[PDB]
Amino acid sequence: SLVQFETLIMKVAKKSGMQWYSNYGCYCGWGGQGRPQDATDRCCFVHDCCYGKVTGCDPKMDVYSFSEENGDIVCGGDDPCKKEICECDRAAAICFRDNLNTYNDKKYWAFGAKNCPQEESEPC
């Protein structure tokens, strides 16, 4: 679920997804259009694409299970579809952590739609 995604971001990236990634660039936040603007933005683009490929369950409300072992986030459960949702969120959380070096809210927060033309929308 999205609440779990927020949890993973805070666990892995040690940041609040709501407060740092809810309206960044063209893709960080609900939906998206145009070109991913930077590393962080592409992380979001990929996450959106990942959710878009999940069939059989709901990435927004379904709850998945995970544990922490060998210093990582391990997605589990007996439901392959829910495990897939967890993998999407896990990958995005790590991506945000790994690209904190270039995170730039001053340039990319509330970027604007004109800067994210529908004609430049990169396909998954």
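Residue numbers run from 1 along the displayed sequence.
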Exercise for the section: May I ask you to compare 74-82 and 32-40 by their mean CA B factor in the entry and name the higher one? Expected result: 74-82
Practice task
Quick one: say whether 99-107 or 21-29 has the higher mean Cα B-factor in the deposited entry.
Solution key: 99-107
Fill in the blank from the handout: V63: C-alpha B-factor third of its chain, per the entry, is the middle
Completion exercise
Split the chain's modelled residues into thirds by Cα B-factor; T7 lands in the middle
